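Shown next, in structure tokens, is the structure this report addresses.
Note: hydrogens, waters and symmetry copies are ignored here, and every other heavy atom, side chains too, is used. Proteins get letters first, then strands, A, B, ... in listed order; numbering begins at 1 in each.
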Amino acid sequence: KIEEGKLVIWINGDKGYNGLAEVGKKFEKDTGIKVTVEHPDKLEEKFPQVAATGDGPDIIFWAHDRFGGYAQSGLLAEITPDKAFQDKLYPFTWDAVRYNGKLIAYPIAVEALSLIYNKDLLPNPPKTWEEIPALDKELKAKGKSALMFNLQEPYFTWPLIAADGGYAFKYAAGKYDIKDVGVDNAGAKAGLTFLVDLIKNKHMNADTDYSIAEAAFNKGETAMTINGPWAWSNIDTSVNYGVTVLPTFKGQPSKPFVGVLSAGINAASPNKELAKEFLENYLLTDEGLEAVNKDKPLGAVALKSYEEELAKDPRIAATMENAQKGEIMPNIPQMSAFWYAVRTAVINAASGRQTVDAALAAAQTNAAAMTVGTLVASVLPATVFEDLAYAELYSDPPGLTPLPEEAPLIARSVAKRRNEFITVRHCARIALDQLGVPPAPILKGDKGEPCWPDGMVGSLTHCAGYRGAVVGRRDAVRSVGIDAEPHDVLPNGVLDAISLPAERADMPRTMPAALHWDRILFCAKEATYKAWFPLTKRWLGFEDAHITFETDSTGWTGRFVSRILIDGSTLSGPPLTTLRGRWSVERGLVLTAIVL
Amino acid sequence: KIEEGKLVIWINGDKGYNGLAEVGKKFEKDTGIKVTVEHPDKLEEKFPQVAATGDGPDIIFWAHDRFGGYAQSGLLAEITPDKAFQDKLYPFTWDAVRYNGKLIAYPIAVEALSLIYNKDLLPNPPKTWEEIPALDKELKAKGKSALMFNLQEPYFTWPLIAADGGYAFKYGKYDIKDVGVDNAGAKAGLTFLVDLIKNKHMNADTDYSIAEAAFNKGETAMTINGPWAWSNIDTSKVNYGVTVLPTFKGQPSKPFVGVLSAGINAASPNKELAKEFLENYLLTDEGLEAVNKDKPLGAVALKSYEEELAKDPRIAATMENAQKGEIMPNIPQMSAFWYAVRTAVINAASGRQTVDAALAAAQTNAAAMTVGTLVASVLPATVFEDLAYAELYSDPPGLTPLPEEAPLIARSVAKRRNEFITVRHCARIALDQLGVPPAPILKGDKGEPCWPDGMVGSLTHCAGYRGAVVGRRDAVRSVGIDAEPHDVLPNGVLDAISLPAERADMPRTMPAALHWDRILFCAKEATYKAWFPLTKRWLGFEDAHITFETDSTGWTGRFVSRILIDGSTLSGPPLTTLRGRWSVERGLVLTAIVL
Ligand SMILES: CC(C)(COP(=O)(O)OP(=O)(O)OC[C@H]1O[C@@H](n2cnc3c(N)ncnc32)[C@H](O)[C@@H]1OP(=O)(O)O)[C@@H](O)C(=O)NCCC(=O)NCCS
Ligand SMILES: CC(C)(COP(=O)(O)OP(=O)(O)OC[C@H]1O[C@@H](n2cnc3c(N)ncnc32)[C@H](O)[C@@H]1OP(=O)(O)O)[C@@H](O)C(=O)NCCC(=O)NCCS
Ligand SMILES: OC[C@H]1O[C@H](O[C@H]2[C@H](O)[C@@H](O)[C@@H](O)O[C@@H]2CO)[C@H](O)[C@@H](O)[C@@H]1O
Ligand SMILES: OC[C@H]1O[C@H](O[C@H]2[C@H](O)[C@@H](O)[C@@H](O)O[C@@H]2CO)[C@H](O)[C@@H](O)[C@@H]1O
Ligand SMILES: [Mg+2]
Ligand SMILES: [Mg+2]
């Protein structure tokens, strides 16, 4: 339910969202249409999760790299600006938002990282990465540090990894080869090894994140940081700073990945024409962009008339100099896998979990395993999106490995078991990363129940043609149970063992004739057990729950309620007398989920 | 089936087993009774394992410290020497073999560790442990080392741990609640030892054969060993002396002193032949000499022969060290003490735990005595070299999971946490007996436990019991064990778990005292556990027809589980019939299947 006659906009919390809300107010005053701007955490991961249910914002702002994934899952409207409107924006910006022959967002601004330094602590910034250990030694003696920047997001480390030859996907003939991944070559290993040595030699701390680095720079405790244009506003309020070219590595320029902040329209919006009017006639004007830019700088904007003014800011000149040395990101759907793979490699190598060589070998494998599918998202409650995450795969990608801690669980297991175990736990680690949790082994405990990291709950499922994981923050979600089954009739004799007479009477009457209601019931019973057992530590048989279904008007998705016939007491907390879930049949599979 | 009219004797492979076999040949020549001497590995653990089934050797040789644990489980005959025979041995040696007022073994000889040195490399051995790092540095400059000894067995490191105040159980009786392995003296000793290793004066991997080889090849100037070691050194080119162990912080090293002793298996049908062999053949001047010439015994218990041995300066040094140490207790808690200290010395030496963490865990582990033999009574004695076990009837306080295991029970209820932790402590005790270092035991397919490479096993836990049995995979395909309380089954369960023919035939095969319904259930569960690792498929209660026999003794017997479904395995032959054993004791049913 996206509300008709209003706009909801998502944009990242480090950007000028208050400025954008001012453009929103102007729009309301002219047209009567209320504009609500929100900035949820991890919105780049939450958007598909909610847009899959037909929910979410009318308009989503993010760097262009994520948009191909959204388009592949059918989540974006096609954009068709007219001739005069296209001519108002730089051509390379339209190319950024073009995917498979269609425009999938409006380009807004060009972002690239620069080196930002405190001129009073450091009147001459370092030209090379290699001189930074020496500089940190000198600064540490004065009670300061040379450099702090966000080590938790690979965006900030990539310029160094790419400098001496790291790359994401090989480009040729206007086309990216997803089988030629450049994260494990000599150049990438050299850059990452330099970073890990900085940490080992106590020149940086592996836990430094965005807020830590920003606070340290803006209070004058560190001489340098690496950040984008959005960051300048907070500094300006604190420091006499310069924005300059990133240091070289092995004498080669650092090569940041360049983003074009872009605005896409939800394919489920009933407000597409209003969204287009807003973007074309209110935002992408000098006045609109100025409103946002004065809140937090956008970078070099896509609109030529205003970029001609901003280009005179020497901070923007520095921005474009670093952008020229770097590369525009791909927008292919495999980008989200690339990023997960590099995030994880960097974090594991920085913390000691893996050697650089192991961390990057694994990234090269993982960057293959794209997870932009949304089948299970369709059975999750959008209202709790901030505390849930998911990932799914429809095959077993080659070369995935279990974590060393997990390996004993499948050491004497059959091949199909080894594959489903490894693949589903990869999904689990992708989902956990969405909630901000680093890589952890997922072991098996009481009656085979999966063992989650502190503060997390979840569920796993694997059948023919599917592996999926859903994870939740335990401070908001008591338990999760999910289950996938092939959408086939049940084998002989199974329906009677798994069902009650009333279910057999009611369901064929309630469900569309096209659906294998027998298998759907069985899938829901299994999800019920998975949600149940972590909280009760007791058996629940198929005959111990009576499940009733309802069907949405689409005919392919709905709700169910499982009423428990035995003692529903839990070890702590409210009893599980009933459990509510959702079901969906799509792509040959049945998905069910319960979030308690 | 211990054979009547023959004697089988077990003694450790570091002792004079050939000499003992010579006394055996003389017996056979006089009496017509054949004597077979064997030296199984880990025989101190293997004896109770096989004797629990009424099998094993007629006579068991070991230091007296193990014998209380054997007596407690009813494994030894009381011995009946007359007063004239007792006056032939030293009184304090009889004291070592008296348990709850009864004599439970014949004493043979007094053993203590001494410092053994190469007179050509080191004509003035060091009086103190503190000089050894400097000596080593000097010798290393000549391609040599100062000292090597077995760091794998806590017997050898104990003298240093106890030097400055470590003790086992505080002594008219031993207080098992006052354990001294974690006081300041013990930590000082063990810290010294770990420091030797950190400073590259010794290596954590050094074991008995490694140290022996090095000393007898003249590569190291000193070792620490008992009298049994002397004959191998005689045969080598090394010119050696035997002397007082070095002091530590000015206090003498205090070895734990063993009395080698010979017990009689309570299940032996040859008790009078054993008595004759021991009293009239072995415990004579000539018998002890035969053994002593093979590998020296130490200061023997027989006064007439000790009169001769006491003139040897090596024996004088043995006794000097023995008097500075202490005779070991014979209380059944000794084997837990040794397991605790073993684990601690190995963990600290290797750096897996700090000295303080290691010794604090040892103080805890010294409480968890495992001398029970209920699951041992259902294990096949023919496979004893490749099986080990341990069981507990309670949850000892303060046991913890391995860190790798902790997530498996992080949100589990108290009773689950306890049973999980205690059973895995049992599993680690069993793995130790097979020479496998401590490992986590995780849970895999359908909850199956996850064993170290090359091992198989099974776990069980019910009210009043935790037990583990582990086997070497190259000899044992699968193990399934199961414990249940010996109670009638809940209403309706018998019909759910049994087949009609079982309900018809089983009551006729079992004595009136038994809950046959429960024993059937327990065997079915054991069958699944042996089955699943090999097949990875379900086996239902109606999918095996189990038949039973009972031994004449009435509380143990055999069963056969016949698989009624397809028996295909992941490898090897299909499962067809699985033979097991069952036992009922102390209100519990135990079952085991070893494939
Ligand atoms: C456990 C069970 C529900 C699994 O469902 P399934 O559809 O066969 O298999 P899926 O692949 O969807 O689920 C397998 C995953 O479930 C999870 N699971 C297993 N036991 C579990 C438990 N006790 N609690 C929670 N989750 C559990 C595991 O993560 C497992 O994957 P892993 O072994 O790779 O970790 C099913 O095998 C079963 O045993 N059902 C009996 C109980 C039941 O369904 N009762 C109905 C109540 S109305
Ligand atoms: C699994 C089962 C056999 C365990 O037996 P139990 O007597 O109830 O419980 P016990 O305490 O003796 O045994 C529990 C241990 O068995 C072991 N175990 C559990 N699942 C197992 C499997 N699939 N394969 C092998 N061993 C398994 C585990 O080590 C477990 O302890 P842990 O969880 O601490 O690691 C029983 O719970 C069960 O599910 N039985 C159904 C199948 C069956 O018995 N079929 C009859 C065949 S004729
Ligand atoms: O760290 C990987 C991350 O990098 C990029 O995200 C940038 C974003 O482009 C900027 O607008 C700014 O917000 O910081 C982000 C890094 O934290 C990619 O756009 C994104 O897909 C990727 O996950
Ligand atoms: O290492 C612990 C071990 O010490 C003693 O074992 C001795 C034994 O007494 C000697 O006769 C000789 O064989 O060396 C053994 C050490 O390897 C205890 O008697 C024994 O119970 C204990 O486990
Ligand atoms: Mg399923
Ligand atoms: Mg049981």
Side-chain angles (χ1 to χ4, degrees), chain B residues 2-3 5-44 46-47 50-51 56-67 70 76-77 79 81 85 88-89 93 96-97 104-111 208 225-235 258-265 268 270-302 304-306 308-309 312 315 318 385:
Chain B
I2 301 186
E3 191 193 326
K6 206 198 152 189
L7 293 169
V8 174
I9 298 180
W10 285 3
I11 186 170
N12 205 221
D14 59 5
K15 318 273 176 218
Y17 56 82
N18 285 332
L20 180 63
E22 297 299 326
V23 182
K25 290 182 200 161
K26 186 177 156 44
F27 194 71
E28 179 177 1
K29 174 188 234 277
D30 291 357
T31 69
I33 310 292
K34 183 184 176 66
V35 179
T36 298
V37 180
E38 306 180 319
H39 48 96
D41 291 333
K42 297 284 169 130
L43 79 85
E44 76 283 16
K46 303 314 185 178
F47 175 69
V50 300
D58 299 278
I59 303 175
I60 176 62
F61 288 72
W62 196 265
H64 68 286
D65 67 301
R66 293 263 164 182
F67 280 72
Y70 299 156
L76 299 175
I79 60 155
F85 187 81
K88 290 176 148 51
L89 286 43
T93 67
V97 295
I104 59 164
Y106 293 89
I108 308 305
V110 182
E111 300 177 344
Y208 192 95
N225 221 323
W228 51 84
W230 303 340
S231 43
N232 274 354
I233 306 177
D234 286 344
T235 60
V259 177
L260 182 68
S261 302
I264 301 176
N265 192 325
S268 180
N270 303 296
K271 301 188 181 65
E272 295 303 299
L273 288 182
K275 170 179 173 110
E276 188 190 349
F277 175 82
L278 290 171
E279 297 188 7
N280 302 337
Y281 290 72
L282 181 59
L283 283 158
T284 61
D285 290 348
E286 59 276 13
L288 297 180
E289 188 179 50
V291 177
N292 201 65
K293 289 174 68 199
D294 193 17
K295 296 195 184 304
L297 287 163
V300 298
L302 188 72
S304 54
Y305 190 50
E306 180 60 9
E308 291 328 283
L309 301 189
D312 185 338
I315 295 297
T318 299
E385 314 87 325

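In terms of heavy atoms, B:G19 sits closest to B:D294 at N-OD2, 3.0 Å. The two residues B:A105 and B:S261 make their nearest non-hydrogen contact at CB-CB, 3.9 Å. Shown here for B:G258 and B:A63, the closest heavy-atom pair between the two residues is CA-CB, 4.2 Å. Of all heavy-atom pairs between B:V110 and B:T93, the closest is CG2-CG2, 4.2 Å. The shortest non-hydrogen separation linking B:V50 to B:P57 is CG2-CD, 4.5 Å. Between B:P81 and B:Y106, the closest heavy-atom pair is CB-CE2, 4.3 Å.
A 4.5 Å side-chain heavy-atom check between B:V35 and B:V8 finds every atom pair outside the cut-off. Two residues are said to be in side-chain contact when any heavy atoms from C-beta on lie closer than 4.5 Å; B:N225 and B:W230 fail this criterion. Residues B:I60 and B:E44 have side chains not in contact (no heavy-atom distance under 4.5 Å, counting atoms from C-beta outward). Proximity of B:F67 to B:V97: side-chain heavy atoms (C-beta onward) are nowhere separated by under 4.5 Å. Annotation: side chain of B:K15 is in contact with side chain of B:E111 (closest heavy-atom distance under 4.5 Å). No side-chain heavy atom of B:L288 sits under 4.5 Å from any side-chain heavy atom of B:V23. Between B:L297 and B:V300 there is a side-chain heavy-atom pair separated by less than 4.5 Å.
Side-chain contact, B:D58 with B:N270: a donor N or O sits under 3.5 Å from an acceptor N or O. Side-chain atoms of B:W10 and B:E38 form a donor-acceptor pair, as typed in the model, at a separation below 3.5 Å. When only modelled atom types and interatomic distance are considered, B:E276 and B:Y281 share no side-chain donor-acceptor pair under 3.5 Å.
With sequence neighbours left out, B:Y208 forms a ring-ring contact (aromatic ring centres under 6.0 Å, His included) with no residue at all. Residues passing the ring-ring contact (aromatic ring centres under 6.0 Å, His included) test with B:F61: none are found, sequence neighbours excluded. Listed by chain and residue number, B:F85, B:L302 satisfy the side chain to side chain contact (heavy atoms under 4.5 Å, CB included) test with B:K88 (two or more places apart in sequence, or in another chain).
In this structure, NZ in B:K271 is found 7.5 Å from CG in B:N265, a value given to the nearest 0.5 Å. Atoms OG and CG, from B:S304 and B:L283 in turn, are 9.5 Å apart once rounded to the nearest 0.5 Å. Taking CD1 from B:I59 and CD1 from B:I9, the interatomic distance works out to 4.0 Å, rounded to the nearest 0.5 Å. Going from atom CD of B:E286 over to atom CG of B:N292 covers 13.5 Å, rounded to the nearest 0.5 Å. A distance of 9.0 Å separates CD of B:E289 from CG of B:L309, quoted to the nearest 0.5 Å. Between the OG1 atom in B:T284 and the NZ atom in B:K26 there is a gap of 8.0 Å [rounded to 0.5 Å].
Around NZ of B:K42, the count of heavy atoms belonging to other residues, nucleotides or ligands within 6.0 Å exceeds 12. By the 6.0 Å contact criterion, CG on B:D41 is open, its count of non-hydrogen atoms from other residues, nucleotides or ligands being 12 or less.
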**OP:** Applying side-chain contact (heavy atoms from CB on, under 4.5 Å), run through B:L260 and B:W62 and close with a yes or a no.
**Re:** CA-CA 5 Å; B:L260 182 68; B:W62 196 265; 5.7 Å; no

**OP:** Tell me, with the steps shown, if B:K6 and B:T36 meet side-chain contact (heavy atoms from CB on, under 4.5 Å).
**Re:** CA-CA 8 Å; B:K6 206 198 152 189; B:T36 298; 3.2 Å; yes

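Between B:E22 and B:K25, at least one side-chain N (NZ, or NE/NH1/NH2) sits under 4.0 Å from a carboxylate O, which counts as a salt bridge.
In summary, of the residues considered (B:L273, B:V37, B:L278), a side chain to side chain contact (heavy atoms under 4.5 Å, CB included) with B:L7 occurs for B:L273 alone.
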